[PDB]
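*Asks:* This is the structure I want to talk about, given as structure tokens.
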Amino acid sequence: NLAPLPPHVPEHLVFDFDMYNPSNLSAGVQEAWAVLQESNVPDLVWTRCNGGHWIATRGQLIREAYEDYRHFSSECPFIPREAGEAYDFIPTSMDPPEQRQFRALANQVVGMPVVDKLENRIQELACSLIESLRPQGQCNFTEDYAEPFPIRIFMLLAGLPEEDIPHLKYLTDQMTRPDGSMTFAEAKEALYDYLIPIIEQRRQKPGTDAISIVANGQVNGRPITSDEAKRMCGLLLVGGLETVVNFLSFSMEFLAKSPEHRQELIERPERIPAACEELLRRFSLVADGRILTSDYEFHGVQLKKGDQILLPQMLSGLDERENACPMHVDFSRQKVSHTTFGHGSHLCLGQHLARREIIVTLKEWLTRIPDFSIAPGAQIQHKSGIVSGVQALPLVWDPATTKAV
Ligand code: HEM
Ligand SMILES: CC1(C)[C@H]2CC(=O)[C@]1(C)C[C@H]2O
Ligand SMILES: [K+]
């Protein structure tokens, strides 16, 4: 239901958008969010859903807010408030100056030098999974590739057993698209419960895995504490288990529905890096926010200290004012503008791993399975949250049109 309208919010700014169950979700989750950018809607609106919060609907305001960390703090970055308050991951729950020291440590496990390290294991696993699917002429892409590929890469990088994936995937699901079986705080508690003994073991007997690197690392000189290491590893788990996993399904659903864009990439494989970028814009999928540190007049709207503001990273690139014809996918876009990996001091540290996983998937899938479609009669359902997603993606192809390499 709807929270009572606070006294300082004018009535002409009310627009009751539900980020966990938007009205037009049946048309596609990105399209459902894009109703916030129709001609009747102001640049900054208030929704009474999920406890009541502001929403910035346009790339210009979203970028400005993410840059101004003095007014828009990441101390409480999730809606609803009880989730944002419980949220204490590092570095995301910190503002500069304190935040920055932890980014260098995190960069040690997912930074560009490390991604070049994993280059061939990433390639090897993608090829292995796709060739296993190729003769079947069908798959459930979410379960058969979108989950195993990024998650098994992350679990190897973190030195965690693959048998733990269903448990951990359940918990990160509850932090991003809750089904109501757990609050965010309970899921976060359960994630830390998993991590605490592992952190302890790898500070006594350190190794070469990402948890060992974070847990034995230094933070601008001084040792990291066990608690900080846990709060960093929690974040890396969510990123490894929820981001590329869900993005790959949006991308493959689009290609399965658009033979012309497929053929363009088969005909012209060197455009695949650019296509990755244009797909990251069109099927952007993260939406978090900030909390006001003081009363502040922002673009002619009076924001109050403690107000939460959703700053949908998803919406910047779908904004017609940043990209003409924003809902159309054009691999030859001159200037692809988006904030899919965030903006400001919290720019995604995993984005280099993410791009490699996406580009390797596209190259290696189209090589072996150039021609595929949605299974006949299937209605693809999307789900909305902090990270939006695809419920299921049944694909079909003629094994005779395929190639083993
Ligand atoms: C398509 C894939 C991905 C997308 C769209 C994405 C998106 C984002 C966004 C929007 C933020 C900024 C959050 C904010 O400002 O509140 C972020 C931060 C971050 N992401 Fe990613 N992410 C992706 C993949 C990953 C992966 C695979 C990892 C692996 C560990 C990762 C690690 C991080 C970290 C550590 C931060 C925090 C940086 C900081 O707070 O200083 N990301 N991501
Ligand atoms: C918003 C995020 C997607 C981003 C920062 C978070 O807390 C995430 C949920 C995981 C990481 O990639
Ligand atoms: K918090």
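According to the UniProt record's numbering, the residues represented by the sequence shown are 11 to 415, in order. In this text, a Cβ means the ideal position worked out from N, Cα and C, and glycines have one as well.
Taking 7 Å as the cut-off, does the CB of residue 92 come closer than this to any heavy atom belonging to ligand 3?
*Replies:* Flag unset: Cβ of residue 92 not near ligand 3.
*Asks:* Determine whether the beta carbon atoms of residue 20 and residue 61 lie at a separation below 8 Å.
*Replies:* Their beta carbons are not under 8 Å apart, which means residue 20 does not touch residue 61 by this criterion.
*Asks:* Just grab the DSSP bridge partners of residue 99 for me.
*Replies:* None; residue 99 has no bridge partner.
*Asks:* Report whether the distance from the Cβ of residue 98 to the nearest heavy atom of ligand 3 is below 7 Å.
*Replies:* Yes, the beta carbon of residue 98 sits closer than 7 Å to at least one heavy atom of ligand 3.
*Asks:* First and last residue of the beta strand (DSSP E) that includes residue 404?
*Replies:* 404-406 is the span of the beta strand (DSSP E), which, as asked, contains residue 404.
*Asks:* Helix, strand or coil: how does DSSP classify residue 215 here?
*Replies:* DSSP places residue 215 in coil when its eight states are reduced to three.
*Asks:* Do you know offhand how far residue 375's Cα is from residue 139's?
*Replies:* When rounded, the distance between both Cα atoms is 10 Å.
*Asks:* Across which residues does DSSP place residue 150 in a beta bridge pair?
*Replies:* Bridge partners of residue 150: 404.
*Asks:* Please report the Cβ distance between residue 370 and residue 136, rounded to the nearest whole angstrom; I am assuming they are in contact, meaning their Cβ atoms lie under 8 Å.
*Replies:* Confirmed, Cβ separation roughly 5 Å.
*Asks:* Give, in chain order, every unbroken run of the beta strand (DSSP E) that is at least 3 residues long and sits entirely within the region 73-130.
*Replies:* Segments of the beta strand (DSSP E) lying fully in the region 73-130: there are none.
*Asks:* Exposed or buried, which one is residue 280 when buried takes at least 16 other CB atoms within 10 Å?
*Replies:* Classification of residue 280: exposed, given that the 10 Å Cβ count is below 16.
*Asks:* So, residue 64 versus residue 318, is the Cβ gap smaller than 8 Å?
*Replies:* Contact flag set, yes.
*Asks:* Which term fits residue 122, buried or exposed, when burial requires 16 or more other beta carbons within 10 angstroms of its beta carbon?
*Replies:* Answer is exposed; the Cβ neighbour count stays below 16.
*Asks:* Would you call the region 405-412 and the region 322-334 in contact, with 3 or more CB pairs under 8 Å?
*Replies:* Contact between the region 405-412 and the region 322-334 is absent, because fewer than three Cβ pairs lie under 8 Å.
*Asks:* Within the continuous beta strand (DSSP E) that includes residue 359, where are the two ends?
*Replies:* Counting along the chain, residue 359 falls outside any beta strand (DSSP E), and DSSP gives it neither H nor E.
*Asks:* Where does residue 140 fall in DSSP's three states?
*Replies:* DSSP places residue 140 in helix when its eight states are reduced to three.
*Asks:* Do you know offhand how far residue 255's Cα is from residue 304's?
*Replies:* In a straight line, the C-alpha of residue 255 is about 37 Å away from that of residue 304.
*Asks:* Which one of 55, 394, 385 has the shortest CA to CA distance from residue 5?
*Replies:* Outside the displayed range of the chain (11 to 415) lies residue 5, so it cannot be described from this structure.
*Asks:* Within the same chain, show all residues whose beta-carbon is closer than 6 Å to that of residue 237, passing over the 5 residues directly before and after it, in chain order.
*Replies:* Same-chain partners within the cutoff: there are none.
*Asks:* Could you give the C-beta distance for residue 356 and residue 84, rounded to a whole number, given that I count them as a contact under 8 Å?
*Replies:* Confirmed, about 6 Å.
*Asks:* Considering only DSSP beta bridges, list what residue 307 is partnered with.
*Replies:* In the DSSP output, where bridge partners are listed per residue, residue 307 has 312.
*Asks:* In this structure, how does DSSP classify residue 399 when only helix, strand and coil are distinguished?
*Replies:* DSSP places residue 399 in strand when its eight states are reduced to three.
*Asks:* Would you decide whether residue 167 is buried or exposed? Buried here means 16 or more other CB atoms lie within 10 Å of its CB.
*Replies:* Burial call: buried.
*Asks:* Within this structure, are the beta carbons of residue 156 and residue 259 separated by less than 8 Å?
*Replies:* Yes, Cβ-Cβ distance for residue 156 and residue 259 is below 8 Å.
*Asks:* Taking buried to mean at least 16 other C-beta atoms within 10 Å of its own C-beta, is residue 387 buried or exposed?
*Replies:* It counts as exposed.
*Asks:* If you follow the alpha helix (DSSP H) that residue 221 is part of, which residue opens it and which one closes it?
*Replies:* Residue 221 -> alpha helix (DSSP H) spans 220-225.
*Asks:* List the residues that DSSP assigns as beta-bridge partners of residue 233.
*Replies:* 228.
*Asks:* Using the Cα positions of residue 146 and residue 377, report the straight-line distance between them to the nearest angstrom.
*Replies:* If you take the alpha carbons of residue 146 and residue 377, they lie about 16 Å apart.
*Asks:* Would you mind reading off the limits of the beta strand (DSSP E) that contains residue 62?
*Replies:* That residue, residue 62, is in no beta strand (DSSP E); it is neither H nor E in DSSP.
*Asks:* Is residue 298 near ligand 2 - that is, is its Cβ less than 7 Å away from at least one heavy atom of it?
*Replies:* Yes.
*Asks:* Alpha carbon to alpha carbon, how far is residue 104 from residue 413? Give it in angstroms, no decimals.
*Replies:* Roughly 49 Å separates the two Cα atoms.
*Asks:* What residues are listed by DSSP as bridge partners for residue 56?
*Replies:* BP columns for residue 56 point to 24, 64.
*Asks:* Can you list, in chain order, the residues of its chain with a C-beta nearer than 6 Å to that of residue 272? Leave out the 5 residues immediately preceding and following it.
*Replies:* Taken in chain order, the residues that qualify are 265.
*Asks:* Need the endpoints of the beta strand (DSSP E) that residue 46 sits in, please.
*Replies:* Premise fails: residue 46 is in no beta strand (DSSP E) and is neither H nor E.
*Asks:* For residue 298, which beta-bridge partners are listed by DSSP?
*Replies:* For residue 298, which the question treats as bridged, DSSP gives the partners 321.
*Asks:* Select from 301, 362, 288, 351 the residue whose C-alpha is nearest the C-alpha of residue 336.
*Replies:* With distances taken between Cα atoms, residue 336 lies closest to 288.
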